[PDB]
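Contents: one structure, followed by commentary.
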Amino acid sequence: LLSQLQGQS
Amino acid sequence: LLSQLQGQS
Amino acid sequence: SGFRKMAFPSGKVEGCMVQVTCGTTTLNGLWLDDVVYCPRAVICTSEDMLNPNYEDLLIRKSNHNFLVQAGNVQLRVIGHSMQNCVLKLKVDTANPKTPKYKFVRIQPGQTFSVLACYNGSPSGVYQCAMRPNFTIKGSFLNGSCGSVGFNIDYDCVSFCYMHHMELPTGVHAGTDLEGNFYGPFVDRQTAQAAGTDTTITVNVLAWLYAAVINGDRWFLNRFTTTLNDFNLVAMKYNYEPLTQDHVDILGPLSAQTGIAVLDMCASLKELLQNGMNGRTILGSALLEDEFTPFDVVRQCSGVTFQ
Amino acid sequence: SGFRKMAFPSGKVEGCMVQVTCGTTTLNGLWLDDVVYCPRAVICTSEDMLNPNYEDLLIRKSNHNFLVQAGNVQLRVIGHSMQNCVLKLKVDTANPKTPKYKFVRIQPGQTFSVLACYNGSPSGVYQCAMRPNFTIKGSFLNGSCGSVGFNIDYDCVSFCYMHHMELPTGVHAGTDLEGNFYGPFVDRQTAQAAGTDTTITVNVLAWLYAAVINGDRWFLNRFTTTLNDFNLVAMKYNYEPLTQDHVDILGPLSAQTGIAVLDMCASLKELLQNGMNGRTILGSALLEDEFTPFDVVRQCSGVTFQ
Numbered sequence: 001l002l003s004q005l006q007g008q009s
Numbered sequence: 001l002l003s004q005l006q007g008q009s
Numbered sequence: 001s002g003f004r005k006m007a008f009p010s011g012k013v014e015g016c017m018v019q020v021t022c023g024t025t026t027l028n029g030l031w032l033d034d035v036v037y038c039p040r041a042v043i044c045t046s047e048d049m050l051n052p053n054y055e056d057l058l059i060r061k062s063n064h065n066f067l068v069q070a071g072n073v074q075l076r077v078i079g080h081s082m083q084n085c086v087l088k089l090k091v092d093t094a095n096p097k098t099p100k101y102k103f104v105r106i107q108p109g110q111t112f113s114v115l116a117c118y119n120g121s122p123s124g125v126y127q128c129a130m131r132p133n134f135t136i137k138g139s140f141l142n143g144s145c146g147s148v149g150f151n152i153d154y155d156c157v158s159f160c161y162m163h164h165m166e167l168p169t170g171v172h173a174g175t176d177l178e179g180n181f182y183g184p185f186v187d188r189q190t191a192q193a194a195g196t197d198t199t200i201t202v203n204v205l206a207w208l209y210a211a212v213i214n215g216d217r218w219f220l221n222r223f224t225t226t227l228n229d230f231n232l233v234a235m236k237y238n239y240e241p242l243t244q245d246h247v248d249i250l251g252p253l254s255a256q257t258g259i260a261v262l263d264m265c266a267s268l269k270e271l272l273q274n275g276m277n278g279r280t281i282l283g284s285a286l287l288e289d290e291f292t293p294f295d296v297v298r299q300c301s302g303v304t305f306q
Numbered sequence: 001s002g003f004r005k006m007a008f009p010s011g012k013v014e015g016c017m018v019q020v021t022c023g024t025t026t027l028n029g030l031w032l033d034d035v036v037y038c039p040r041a042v043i044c045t046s047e048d049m050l051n052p053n054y055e056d057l058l059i060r061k062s063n064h065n066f067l068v069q070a071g072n073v074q075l076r077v078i079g080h081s082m083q084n085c086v087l088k089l090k091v092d093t094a095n096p097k098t099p100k101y102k103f104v105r106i107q108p109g110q111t112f113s114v115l116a117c118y119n120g121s122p123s124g125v126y127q128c129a130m131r132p133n134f135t136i137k138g139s140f141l142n143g144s145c146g147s148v149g150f151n152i153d154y155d156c157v158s159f160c161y162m163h164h165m166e167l168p169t170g171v172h173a174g175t176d177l178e179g180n181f182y183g184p185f186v187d188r189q190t191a192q193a194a195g196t197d198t199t200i201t202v203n204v205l206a207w208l209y210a211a212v213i214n215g216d217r218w219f220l221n222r223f224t225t226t227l228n229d230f231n232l233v234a235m236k237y238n239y240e241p242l243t244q245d246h247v248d249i250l251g252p253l254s255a256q257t258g259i260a261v262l263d264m265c266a267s268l269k270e271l272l273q274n275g276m277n278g279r280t281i282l283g284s285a286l287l288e289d290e291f292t293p294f295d296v297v298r299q300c301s302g303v304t305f306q
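Residue numbers (the authors' numbering), protein chains in the order written: chain C, 1 to 9; chain C', 1 to 9; chain A, 1 to 306; chain A', 1 to 306. A prime marks a further copy of an entry chain.
Shown next as structure tokens:
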């Protein structure tokens with residue numbers, strides 16, 4: 001549904 | 001028709 | 001013989017991949033000379049995802065806030081600056097493995113290799129194309145942000161893509177290495193969506209030539225068409241228009257195979273109107289559009305298998 | 001998200017590729033420590049192609065007859081010996097770039113990356129599988145002999161394939177790195193042909209799980225089948241039998257998606273009997289069998305997109 005920034009936490 | 005060895009000449 | 005979706009050898013790019021950590025966020029960076037390039041999202045906060053004023057966020061940062069790790073060696077950040085959606089981290093050590101390189105922006109319909117990376121460590125390599133709607137159909141998981149796309153020309157790496165995010169349809173969006181997005185996308189978690197896509201006609205024709213070079217000829221026919229009647233049928237199947245420049249680019253392939261471009265277009269027209277009826281081309285039951293004319297020439301023999 | 005035919009990053013292998021010339025024949029070699037490995041066909045004469053007694057041919061050779069070029073540096077050959085269909089050329093310099101490595105022979109149905117090479121220079125990388133009939137559907141032109149196939153495990157390169165020849169159907173045959181052919185093929189230009197092939201069932205099921213993980217669910221159904229009734233239908237479509245070990249190997253994927261293996265088998269049964277009716281799975285209109293369960297797990301998220 002919403003965009004996903006693909007960093008790592 | 002015949003097999004091919006794939007060296008370079 | 002044979003035809004595969006082939007990527008460039010990734011070694012030159014592997015030697016530039018580093019890990020960038022800021023806070024609890026970790027992602028990949030590109031280390032060239034004394035600069036590390038990475039998505040500016042590395043400075044974004046979990047709650048700022050919606051709308052992060054990156055200029056403020058970067059002002060609030062200092063060099064020591066950026067943990068850069070080249071394998072087992074920590075790189076000392078001595079300067080930081082923002083260039084559109086990428087961040088430039090000056091470090092105190094020039095990468096001894098820096099290849100000859102260029103930053104180039106590509107066009108929809110062009111292909112490139114992607115080196116997928118996690119925690120600065122390369123994971124896999126694959127080929128894809130920039131879609132007409134400026135997305136790429138990649139394979140990326142959380143942590144892959146900062147992976148790069150590239151093409152290699154005579155030992156010179158042309159970097160063309162840095163990965164930034166995944167859209168709701170599961171396709172991917174990113175920037176060139178100057179940090180400018182491909183397509184109308186922004187580095188914030190919003191409801192942005194890919195627009196409608198189309199098939200890359202010149203590429204489909206290039207791949208049909210590859211097939212003929214490799215001995216798939218069943219789709220050929222005795223007919224020819226005019227560029228306009230062809231484009232009239234293409235439009236109706238959501239295919240890009242074919243231009244005279246595309247015909248010219250397909251020239252070499254047309255000469256190698258003895259099949260005129262407009263003759264191959266008649267084959268494409270039939271395949272679109274009739275389907276493949278149980279049959280495959282180069283191992284595919286679909287018309288493949290992620291191989292440029294250049295890719296075909298580079299991979300396929302200069303001699304056709306008549 | 002997304003699923004691509006991904007290869008291993010090729011850097012570690014690029015640093016071992018050299019050029020081997022003997023007479024007017026040039027091909028690629030693999031330089032590991034102080035040994036260069038290459039196809040023994042490098043010593044074969046144009047007229048000996050039909051039936052070359054390689055033992056004689058090698059006896060007639062001396063170390064100085066082998067031109068080995070690592071990029072711009074010539075390597076001095078100090079010893080030569082034959083190991084089945086590969087030749088071992090001892091050189092006076094250990095490759096400083098030698099990775100940790102193993103020579104492993106793979107099984108039909110397993111996948112590996114191929115680094116296609118010409119004149120000792122890497123050209124492209126792609127993934128494929130060892131077919132049930134011990135051929136590979138590669139992309140190779142004259143000069144590619146000696147290119148290698150490999151899998152990378154925690155920075156350790158497991159070399160599994162050296163390219164030797166192309167069969168009349170345009171598929172490819174080679175050896176493991178001990179020089180033993182995969183399948184009933186020999187390094188002479190004869191009328192050898194690939195036997196009949198089959199589809200790798202466990203791989204097709206793994207790829208269907210990949211599709212579910214990625215949100216393609218249209219082929220799913222409420223039915224389940226028994227291993228025997230399934231295998232009865234598989235046989236009739238030229239699919240390998242599914243064994244209990246395959247079911248066990250698919251366990252993790254079955255748990256991630258909540259779809260029991262025998263339930264997915266019922267989907268495969270329907271797809272075989274009915275086709276895909278206009279539809280695609282993971283961008284393909286064919287059932288793809290070149291992705292092992294391991295490949296799927298490694299590429300796909302540990303979390304399913306429910």
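Backbone N, C-alpha and C fix where the C-beta goes; we use that ideal spot for every residue, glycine too.
To the nearest angstrom, how far is the alpha carbon of residue i from that of residue j?
i: A/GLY120; j: A'/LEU167; result: 41 Å
i: A'/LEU115; j: A/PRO293; result: 22 Å
i: A'/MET162; j: A'/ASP289; result: 22 Å
i: A'/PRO108; j: A'/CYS38; result: 23 Å
i: A/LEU282; j: A/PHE3; result: 7 Å
i: A'/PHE181; j: A'/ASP187; result: 9 Å
i: A'/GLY278; j: A'/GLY170; result: 30 Å
i: A'/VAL42; j: A/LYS97; result: 33 Å
i: A'/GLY149; j: A/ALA194; result: 37 Å
i: A'/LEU232; j: A'/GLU240; result: 11 Å
i: A/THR257; j: A/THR304; result: 6 Å
i: A'/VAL20; j: A'/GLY138; result: 22 Å
Excluding five sequence neighbours on each side, which residues of the same chain lie with their C-beta closer than 6 Å to the C-beta of residue i?
i: A/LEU262; result: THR224, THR225
i: A/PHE291; result: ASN203, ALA206, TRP207
i: A/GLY143; result: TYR118
Is residue i close to chain A? Criterion is C-beta to C-beta, closer than 8 Å.
i: A'/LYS137; result: yes
i: A'/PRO293; result: no
i: A'/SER147; result: no
i: A'/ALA260; result: no
i: A'/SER158; result: no
Is there a Cβ from chain C that is less than 8 Å from the Cβ of residue i?
i: A/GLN189; result: yes
Taking only three categories from DSSP, how would you classify residue i?
i: A/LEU232; result: helix
i: A/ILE152; result: strand
i: A'/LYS137; result: coil
i: A/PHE223; result: coil
i: A/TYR182; result: coil
i: A'/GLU290; result: coil
i: A/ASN28; result: strand
i: A'/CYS16; result: coil
i: A'/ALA173; result: strand
i: A'/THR199; result: strand
i: A/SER81; result: strand
Kindly list the residues whose CB is nearer than 7 Å to the CB of residue i, restricted to its own chain and excluding five residues on each side of it in sequence; keep chain order.
i: A'/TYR101; result: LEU32, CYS156, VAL157, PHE159
i: A'/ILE78; result: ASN63, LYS90, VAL91, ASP92
i: A/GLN189; result: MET49, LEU50
Determine, for residue i, whether the minimum Cβ-Cβ distance to residues of chain C' falls below 8 Å.
i: A'/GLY79; result: no
i: A'/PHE134; result: no
i: A'/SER144; result: yes
i: A'/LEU30; result: no
i: A'/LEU87; result: no
Nearest chain A' C-beta to residue i closer than 8 Å, yes or no?
i: A/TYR126; result: yes
i: A/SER254; result: no
i: A/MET130; result: no
i: A/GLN299; result: yes
i: A/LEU141; result: yes
i: A/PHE185; result: no
Within 8 Å (strictly less), CB to CB, does residue i reach chain B?
i: A/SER10; result: Among the chains of the structure shown, chain B does not appear; the protein chains present are C, C', A and A'.
| field | Within 8 Å of chain C' by C-beta, residues of the segment 41-75 of chain A' in sequence order | value | Hits within the stretch, in order: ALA41, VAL42, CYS44, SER46, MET49.
| In the segment 160-179 of chain A, which residues sit with their C-beta less than 8 Å from some C-beta in chain A', listed in chain order? | The segment 160-179 of chain A vs chain A', Cβ under 8 Å: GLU166, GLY170, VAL171, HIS172.
| task | Name, going along the chain, the residues of the segment 92-124 of chain A' whose beta-carbon falls closer than 9 Å to a beta-carbon of chain C'. | result | For the segment 92-124 of chain A', the beta-carbon criterion of a distance under 9 Å to any beta-carbon of chain C' is satisfied by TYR118, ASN119.
| Interface residues of the segment 264-291 of chain A facing chain A' [CB-CB below 8 Å] | From the segment 264-291 of chain A, only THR280, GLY283, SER284, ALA285, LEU286 have a Cβ closer than 8 Å to chain A'.
| Contacting positions in the segment 192-216 of chain A - beta carbon closer than 7 Å to chain C | Correct list: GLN192.
| Between the segment 220-240 of chain A and chain C, which residues of the former have a C-beta closer than 9 Å to a C-beta of the latter? | Flagged: no residues at all.
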